[PDB]
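S.K.: Here you go, this is my_file-v1.csv (CSV, C-alpha atoms).
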```
chain,number,residue,atom,x,y,z
J,3,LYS,CA,8.7,30.2,16.5
J,4,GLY,CA,7.3,29.0,13.2
J,5,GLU,CA,6.7,25.6,14.8
J,6,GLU,CA,4.0,27.2,17.0
J,7,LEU,CA,1.9,28.2,13.9
J,8,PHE,CA,1.2,24.4,13.4
J,9,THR,CA,0.0,23.2,16.8
J,10,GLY,CA,-3.6,23.2,15.6
J,11,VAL,CA,-5.7,22.7,12.5
J,12,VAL,CA,-4.7,25.1,9.8
J,13,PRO,CA,-6.8,25.9,6.7
J,14,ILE,CA,-5.1,25.4,3.3
J,15,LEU,CA,-5.7,26.9,-0.1
J,16,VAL,CA,-3.9,25.7,-3.2
J,17,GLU,CA,-3.9,27.4,-6.7
J,18,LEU,CA,-2.1,25.9,-9.7
J,19,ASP,CA,-1.7,27.2,-13.2
J,20,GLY,CA,-0.4,24.6,-15.6
J,21,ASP,CA,0.6,24.2,-19.3
J,22,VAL,CA,1.6,20.7,-20.4
J,23,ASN,CA,2.5,20.5,-24.1
J,24,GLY,CA,0.3,23.6,-24.7
J,25,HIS,CA,-2.7,22.1,-22.8
J,26,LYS,CA,-3.4,24.8,-20.3
J,27,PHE,CA,-5.4,24.1,-17.1
J,28,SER,CA,-5.9,25.5,-13.6
J,29,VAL,CA,-6.6,23.7,-10.3
J,30,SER,CA,-7.9,25.1,-7.0
J,31,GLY,CA,-7.8,23.2,-3.7
J,32,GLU,CA,-9.2,23.7,-0.2
J,33,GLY,CA,-8.8,21.8,3.0
J,34,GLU,CA,-6.9,21.7,6.2
J,35,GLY,CA,-3.8,20.2,7.8
J,36,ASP,CA,-2.8,19.3,11.3
J,37,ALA,CA,1.0,18.7,11.6
J,38,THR,CA,0.4,17.2,15.1
J,39,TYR,CA,-0.7,14.1,13.3
J,40,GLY,CA,0.9,14.8,9.9
J,41,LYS,CA,-2.6,14.8,8.5
J,42,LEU,CA,-3.9,16.6,5.4
J,43,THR,CA,-7.5,16.6,4.0
J,44,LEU,CA,-7.8,18.3,0.6
J,45,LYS,CA,-10.2,18.6,-2.3
J,46,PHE,CA,-9.0,19.8,-5.7
J,47,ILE,CA,-11.1,21.0,-8.6
J,48,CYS,CA,-10.0,21.5,-12.2
J,49,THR,CA,-11.6,24.9,-12.8
J,50,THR,CA,-10.9,25.0,-16.6
J,51,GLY,CA,-12.8,21.8,-17.4
J,52,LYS,CA,-11.1,18.5,-18.1
J,53,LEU,CA,-7.7,17.9,-16.6
J,54,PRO,CA,-5.4,17.1,-19.5
J,55,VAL,CA,-3.0,15.0,-17.3
J,56,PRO,CA,-3.8,12.3,-14.7
J,57,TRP,CA,-4.6,13.6,-11.3
J,58,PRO,CA,-2.0,11.3,-9.6
J,59,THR,CA,0.8,13.1,-11.5
J,60,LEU,CA,-0.1,16.4,-9.8
J,61,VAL,CA,-0.3,15.1,-6.2
J,62,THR,CA,3.2,15.9,-5.2
J,63,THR,CA,3.0,19.4,-6.7
J,64,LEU,CA,-0.3,20.3,-5.2
J,68,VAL,CA,2.7,21.7,1.7
J,69,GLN,CA,5.4,19.7,3.5
J,70,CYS,CA,5.2,22.2,6.4
J,71,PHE,CA,2.4,19.9,7.6
J,72,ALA,CA,4.8,17.0,8.2
J,73,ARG,CA,4.7,15.5,11.7
J,74,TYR,CA,8.2,15.9,13.1
J,75,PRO,CA,8.7,13.7,16.2
J,76,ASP,CA,9.7,15.6,19.3
J,77,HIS,CA,13.3,14.4,19.0
J,78,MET,CA,13.5,15.7,15.4
J,79,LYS,CA,12.2,19.3,15.9
J,80,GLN,CA,15.5,20.9,15.0
J,81,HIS,CA,15.3,19.3,11.5
J,82,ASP,CA,12.0,20.9,10.3
J,83,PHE,CA,13.1,23.5,7.7
J,84,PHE,CA,9.6,23.9,6.4
J,85,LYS,CA,7.9,25.4,9.5
J,86,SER,CA,11.0,27.4,10.5
J,87,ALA,CA,10.5,29.4,7.3
J,88,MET,CA,7.0,30.4,8.3
J,89,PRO,CA,5.1,32.7,8.2
J,90,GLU,CA,7.1,34.4,5.5
J,91,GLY,CA,7.3,31.1,3.6
J,92,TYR,CA,9.5,29.2,1.2
J,93,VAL,CA,9.9,28.7,-2.5
J,94,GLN,CA,9.5,25.1,-3.6
J,95,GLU,CA,10.9,24.2,-7.0
J,96,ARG,CA,11.0,20.8,-8.7
J,97,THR,CA,11.7,19.0,-11.9
J,98,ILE,CA,9.8,15.8,-12.3
J,99,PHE,CA,11.1,13.5,-15.0
J,100,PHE,CA,8.6,10.8,-16.3
J,101,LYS,CA,10.7,8.0,-17.6
J,102,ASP,CA,10.4,7.6,-21.4
J,103,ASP,CA,8.1,10.7,-21.5
J,104,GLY,CA,8.2,14.4,-20.7
J,105,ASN,CA,8.9,16.4,-17.6
J,106,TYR,CA,7.2,18.9,-15.3
J,107,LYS,CA,9.0,21.9,-13.9
J,108,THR,CA,7.2,23.5,-11.0
J,109,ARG,CA,7.8,26.7,-9.0
J,110,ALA,CA,5.6,27.3,-5.9
J,111,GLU,CA,5.5,29.7,-3.0
J,112,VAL,CA,4.2,28.3,0.3
J,113,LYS,CA,3.3,30.9,2.9
J,114,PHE,CA,0.7,32.2,5.3
J,115,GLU,CA,-2.0,34.7,4.1
J,116,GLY,CA,-3.5,35.5,7.5
J,117,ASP,CA,-4.3,32.3,9.3
J,118,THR,CA,-4.3,30.3,6.0
J,119,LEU,CA,-1.5,28.3,4.5
J,120,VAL,CA,-1.4,29.0,0.8
J,121,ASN,CA,0.5,27.1,-1.9
J,122,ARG,CA,0.6,29.0,-5.2
J,123,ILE,CA,2.1,27.0,-8.1
J,124,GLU,CA,3.1,27.4,-11.7
J,125,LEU,CA,3.7,24.2,-13.6
J,126,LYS,CA,5.2,23.8,-17.1
J,127,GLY,CA,5.3,20.4,-18.9
J,128,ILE,CA,7.2,19.7,-22.1
J,129,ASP,CA,8.3,16.8,-24.3
J,130,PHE,CA,5.3,14.7,-23.5
J,131,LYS,CA,4.1,12.0,-25.9
J,132,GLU,CA,0.4,12.5,-26.9
J,133,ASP,CA,-0.3,8.8,-26.6
J,134,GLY,CA,2.0,8.2,-23.6
J,135,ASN,CA,0.9,7.3,-20.1
J,136,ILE,CA,0.4,11.0,-19.1
J,137,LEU,CA,-1.4,12.7,-22.0
J,138,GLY,CA,-3.0,9.3,-22.8
J,139,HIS,CA,-4.5,9.0,-19.3
J,140,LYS,CA,-3.1,5.4,-18.7
J,141,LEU,CA,-2.4,5.8,-15.0
J,142,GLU,CA,-4.5,4.3,-12.3
J,143,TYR,CA,-6.2,6.5,-9.7
J,144,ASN,CA,-5.5,4.9,-6.3
J,145,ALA,CA,-2.7,5.9,-4.0
J,146,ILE,CA,1.0,6.9,-3.9
J,147,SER,CA,3.4,6.2,-1.1
J,148,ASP,CA,7.1,6.9,-0.9
J,149,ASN,CA,9.9,8.6,1.0
J,150,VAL,CA,11.2,12.2,0.4
J,151,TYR,CA,14.9,12.2,1.1
J,152,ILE,CA,16.0,15.6,2.4
J,153,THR,CA,19.5,17.1,2.7
J,154,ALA,CA,20.6,20.5,3.7
J,155,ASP,CA,21.7,23.0,1.1
J,156,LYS,CA,23.7,25.3,3.3
J,157,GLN,CA,25.0,27.5,0.5
J,158,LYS,CA,21.5,28.4,-0.5
J,159,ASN,CA,20.2,28.6,3.1
J,160,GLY,CA,17.7,25.8,2.3
J,161,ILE,CA,17.2,22.2,1.5
J,162,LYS,CA,17.2,19.8,-1.5
J,163,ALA,CA,15.3,16.6,-1.8
J,164,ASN,CA,15.1,13.6,-4.1
J,165,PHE,CA,12.6,10.8,-4.5
J,166,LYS,CA,10.8,8.5,-6.9
J,167,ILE,CA,7.1,8.0,-7.4
J,168,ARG,CA,6.1,4.7,-9.2
J,169,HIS,CA,2.7,5.3,-10.7
J,170,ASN,CA,0.7,2.2,-11.6
J,171,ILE,CA,-0.2,1.8,-15.3
J,172,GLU,CA,-3.7,0.4,-16.1
J,173,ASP,CA,-2.2,-2.5,-18.1
J,174,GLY,CA,0.0,-3.5,-15.1
J,175,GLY,CA,3.3,-1.7,-15.5
J,176,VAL,CA,4.8,1.2,-13.7
J,177,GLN,CA,5.5,4.8,-14.8
J,178,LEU,CA,8.4,6.2,-12.9
J,179,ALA,CA,8.4,9.9,-11.9
J,180,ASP,CA,11.9,11.0,-10.7
J,181,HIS,CA,11.6,14.1,-8.5
J,182,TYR,CA,14.3,16.6,-7.8
J,183,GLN,CA,13.4,19.4,-5.3
J,184,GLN,CA,14.8,22.6,-3.9
J,185,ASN,CA,13.4,24.8,-1.2
J,186,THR,CA,14.6,28.2,-0.1
J,187,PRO,CA,13.2,30.7,2.4
J,188,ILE,CA,11.4,33.8,1.1
J,189,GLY,CA,12.2,35.9,4.2
J,190,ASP,CA,15.4,36.9,5.9
J,191,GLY,CA,14.6,35.2,9.3
J,192,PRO,CA,16.9,32.3,10.4
J,193,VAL,CA,15.8,28.9,9.3
J,194,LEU,CA,16.7,25.3,10.4
J,195,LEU,CA,19.1,23.5,8.1
J,196,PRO,CA,18.5,19.8,8.9
J,197,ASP,CA,20.6,16.7,9.1
J,198,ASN,CA,19.7,14.1,6.5
J,199,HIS,CA,16.3,12.5,7.1
J,200,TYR,CA,13.2,11.7,5.1
J,201,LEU,CA,9.4,12.3,4.9
J,202,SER,CA,7.4,9.1,4.7
J,203,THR,CA,4.3,10.1,2.8
J,204,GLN,CA,1.0,8.3,2.0
J,205,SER,CA,-1.6,9.8,-0.3
J,206,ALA,CA,-5.1,8.2,-0.7
J,207,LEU,CA,-7.0,9.4,-3.7
J,208,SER,CA,-10.9,9.3,-3.9
J,209,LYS,CA,-13.9,10.9,-5.5
J,210,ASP,CA,-16.7,13.0,-4.0
J,211,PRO,CA,-19.9,11.1,-5.3
J,212,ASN,CA,-21.8,14.4,-5.4
J,213,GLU,CA,-19.1,16.3,-7.4
J,214,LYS,CA,-19.6,16.6,-11.1
J,215,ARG,CA,-16.5,18.7,-11.9
J,216,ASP,CA,-13.1,17.0,-12.6
J,217,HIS,CA,-11.7,16.7,-9.1
J,218,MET,CA,-9.6,14.8,-6.6
J,219,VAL,CA,-10.2,14.1,-2.9
J,220,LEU,CA,-7.0,13.5,-1.0
J,221,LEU,CA,-6.3,12.1,2.5
J,222,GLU,CA,-2.6,12.3,3.2
J,223,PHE,CA,-0.2,11.5,6.0
J,224,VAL,CA,3.3,12.9,6.2
J,225,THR,CA,5.8,11.8,8.9
J,226,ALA,CA,9.5,12.7,9.3
J,227,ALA,CA,11.8,9.8,10.0
J,228,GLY,CA,15.3,8.6,9.6
J,229,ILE,CA,16.9,10.1,12.8
J,230,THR,CA,17.0,8.0,15.9
```
Have the structure of the file written as structure tokens, please.

M.R.:
Amino acid sequence: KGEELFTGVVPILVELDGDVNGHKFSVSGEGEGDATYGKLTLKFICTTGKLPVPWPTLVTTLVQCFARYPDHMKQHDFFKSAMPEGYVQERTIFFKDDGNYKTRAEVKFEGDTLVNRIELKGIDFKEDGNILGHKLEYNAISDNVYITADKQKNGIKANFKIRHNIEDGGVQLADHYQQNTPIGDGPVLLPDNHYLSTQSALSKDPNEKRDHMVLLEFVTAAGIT
């Protein structure tokens, strides 16, 4: 029944509060998603001024309920099955040879709007590392989110890697460990193993003077034939 909430375009709101090594910041986002095509269009603003970490490092934190699940995979979509009451999404993101983010978010409907409210804490970062030193390129990320059921917690876990390009030519690995659990008591779908193929394209609004990120993203479930 949660699936039917995603047959059309759904407005999205995102609100993040962050503290990375004592550098506090907030981000707001607006846009919409259409799970029929796995398509997200979102614009994010740093409401506190300058973002103290690179925008690309916040993409995965800033609504996998918008994934396109093929018809033959509908029984494996935990994310929509938890709606409208929602789910908790928690991650640890380890940046190789640098610090880590720990994130806790609640994703749920408020009326007709899908809302992602996030708290992010970052620790152990190097002040002249690739994150606090803003050495990461601003282009695109693309990878696969590998999902497995967590039957004991009535939810799912996921793991994946993001390889952020460094301006001087290298790569900054971000190892992601994820858990999702329903907020409500309604039955949810516990999926067989599969993944979300995700492509995020990052751009700028030429008329926007605030520190910001425009995102066009596609999310497609795969791995079951």

S.K.: Using only C-alpha atoms, can you list as a list in words the residues within 7 Å of (-8.1, 25.0, -2.0)?

M.R.: residues 14, 15, 16, 17, 30, 31, 32, 33, 45 and 46 of chain J

S.K.: Counting all atoms listed in the file, what is within 10 Å of residue 170 in chain J, bar same-chain residues fewer than 2 positions away, as a PDB file with C-alpha atoms, in the frame of the given file?

M.R.:
```
ATOM      1  CA  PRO J  58      -2.000  11.300  -9.600  1.00  0.00           C
ATOM      2  CA  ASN J 135       0.900   7.300 -20.100  1.00  0.00           C
ATOM      3  CA  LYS J 140      -3.100   5.400 -18.700  1.00  0.00           C
ATOM      4  CA  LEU J 141      -2.400   5.800 -15.000  1.00  0.00           C
ATOM      5  CA  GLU J 142      -4.500   4.300 -12.300  1.00  0.00           C
ATOM      6  CA  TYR J 143      -6.200   6.500  -9.700  1.00  0.00           C
ATOM      7  CA  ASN J 144      -5.500   4.900  -6.300  1.00  0.00           C
ATOM      8  CA  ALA J 145      -2.700   5.900  -4.000  1.00  0.00           C
ATOM      9  CA  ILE J 146       1.000   6.900  -3.900  1.00  0.00           C
ATOM     10  CA  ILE J 167       7.100   8.000  -7.400  1.00  0.00           C
ATOM     11  CA  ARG J 168       6.100   4.700  -9.200  1.00  0.00           C
ATOM     12  CA  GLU J 172      -3.700   0.400 -16.100  1.00  0.00           C
ATOM     13  CA  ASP J 173      -2.200  -2.500 -18.100  1.00  0.00           C
ATOM     14  CA  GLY J 174       0.000  -3.500 -15.100  1.00  0.00           C
ATOM     15  CA  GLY J 175       3.300  -1.700 -15.500  1.00  0.00           C
ATOM     16  CA  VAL J 176       4.800   1.200 -13.700  1.00  0.00           C
ATOM     17  CA  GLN J 177       5.500   4.800 -14.800  1.00  0.00           C
ATOM     18  CA  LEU J 178       8.400   6.200 -12.900  1.00  0.00           C
TER      19      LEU J 178
END
```

S.K.: As an exercise, work out the distance from CA of residue 50 in chain J to CA of residue 209 in chain J in Å and give it to one decimal place.

M.R.: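 Separation of CA of residue 50 in chain J and CA of residue 209 in chain J: 18.2 Å.
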
S.K.: Can you write out as JSON lines which residues of range 181-213 of chain J fall within 8 Å of range 87-91 of chain J, alongside each residue's closest atom pair and its distance in Å to one decimal, counting all atoms listed in the file and ordering rows by chain and ascending residue number?

M.R.:
```
{"residue": "J:187", "atom": "CA", "partner": "J:87", "partner_atom": "CA", "distance": 5.7}
{"residue": "J:188", "atom": "CA", "partner": "J:91", "partner_atom": "CA", "distance": 5.5}
{"residue": "J:189", "atom": "CA", "partner": "J:90", "partner_atom": "CA", "distance": 5.5}
{"residue": "J:191", "atom": "CA", "partner": "J:87", "partner_atom": "CA", "distance": 7.4}
{"residue": "J:192", "atom": "CA", "partner": "J:87", "partner_atom": "CA", "distance": 7.7}
{"residue": "J:193", "atom": "CA", "partner": "J:87", "partner_atom": "CA", "distance": 5.7}
```

S.K.: Give me, as number ranges by chain, all polymer residues having an atom no more than 7 Å from residue 85 in chain J, counting all atoms listed in the file and skipping those fewer than 4 positions away in the same chain.

M.R.: J: 4-5, 70

S.K.: Of the candidates J:25, J:131, J:166, J:113, which one gets nearest to residue 148 in chain J if we count all atoms listed in the file?

M.R.: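 Counting all atoms listed in the file, the residue closest to residue 148 in chain J is J:166.
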
S.K.: What does the distance from CA of residue 139 in chain J to CA of residue 51 in chain J come to in Å, to one decimal?

M.R.: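 Answer for the CA of residue 139 in chain J to CA of residue 51 in chain J separation: 15.4 Å.
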
S.K.: What does the distance between CA of residue 137 in chain J and CA of residue 52 in chain J come to in Å, to one decimal place?

M.R.: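 Separation between CA of residue 137 in chain J and CA of residue 52 in chain J: 12.0 Å.
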
S.K.: Identify which of the residues J:12, J:60, J:98, J:206 lies closest to residue 115 in chain J, counting all atoms listed in the file when measuring atom-to-atom distances.

M.R.: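 The closest residue to residue 115 in chain J is J:12.
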
S.K.: List every protein, DNA or RNA residue that has an atom no more than 8 Å from (5.0, 8.9, -16.0) in the file's coordinate frame, counting all atoms listed in the file, and report them as a list in words.

M.R.: residues 59, 99, 100, 101, 102, 103, 104, 135, 136, 169, 177, 178 and 179 of chain J

S.K.: Fewer than 3 positions away in the same chain doesn't count, so skip those; otherwise give me all residues within 6 Å of residue 204 in chain J, counting all atoms listed in the file, as a list in words.

M.R.: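 My list of contacting residues is residues 147, 222 and 223 of chain J.
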
S.K.: Any idea what's packed within 12 Å of residue 107 in chain J, counting all atoms listed in the file, ignoring anything in its chain fewer than 4 positions away? Could you give it as an mmCIF file with C-alpha atoms, in the frame of the given file?

M.R.:
```
data_model
loop_
_atom_site.group_PDB
_atom_site.id
_atom_site.type_symbol
_atom_site.label_atom_id
_atom_site.label_comp_id
_atom_site.auth_asym_id
_atom_site.auth_seq_id
_atom_site.Cartn_x
_atom_site.Cartn_y
_atom_site.Cartn_z
ATOM 1 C CA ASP J 19 -1.700 27.200 -13.200
ATOM 2 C CA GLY J 20 -0.400 24.600 -15.600
ATOM 3 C CA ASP J 21 0.600 24.200 -19.300
ATOM 4 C CA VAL J 22 1.600 20.700 -20.400
ATOM 5 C CA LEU J 60 -0.100 16.400 -9.800
ATOM 6 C CA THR J 63 3.000 19.400 -6.700
ATOM 7 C CA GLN J 94 9.500 25.100 -3.600
ATOM 8 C CA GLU J 95 10.900 24.200 -7.000
ATOM 9 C CA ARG J 96 11.000 20.800 -8.700
ATOM 10 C CA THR J 97 11.700 19.000 -11.900
ATOM 11 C CA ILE J 98 9.800 15.800 -12.300
ATOM 12 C CA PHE J 99 11.100 13.500 -15.000
ATOM 13 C CA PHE J 100 8.600 10.800 -16.300
ATOM 14 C CA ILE J 123 2.100 27.000 -8.100
ATOM 15 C CA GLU J 124 3.100 27.400 -11.700
ATOM 16 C CA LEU J 125 3.700 24.200 -13.600
ATOM 17 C CA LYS J 126 5.200 23.800 -17.100
ATOM 18 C CA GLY J 127 5.300 20.400 -18.900
ATOM 19 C CA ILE J 128 7.200 19.700 -22.100
ATOM 20 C CA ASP J 129 8.300 16.800 -24.300
ATOM 21 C CA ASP J 180 11.900 11.000 -10.700
ATOM 22 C CA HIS J 181 11.600 14.100 -8.500
ATOM 23 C CA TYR J 182 14.300 16.600 -7.800
ATOM 24 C CA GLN J 183 13.400 19.400 -5.300
ATOM 25 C CA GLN J 184 14.800 22.600 -3.900
#
```

S.K.: Please list as a list in words every residue within 7 Å of residue 122 in chain J, counting only C-alpha atoms and excluding residues in the same chain fewer than 2 positions away.

M.R.: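 Returned residues: residues 16, 17, 18, 110, 111, 112 and 120 of chain J.
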
S.K.: Using only C-alpha atoms for the distances, tell me which of J:80, J:105, J:9, J:159 is nearest to residue 196 in chain J.

M.R.: J:80

S.K.: Which is closer to residue 79 in chain J than all the others in J:93, J:161, J:224, J:194, using all atoms listed in the file?

M.R.: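 Between J:93, J:161, J:224, J:194, the residue approaching residue 79 in chain J most closely is J:194.
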
S.K.: Counting only C-alpha atoms, which residue out of J:228, J:217, J:205, J:117 sits closest to residue 29 in chain J?

M.R.: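 Closest candidate: J:217.
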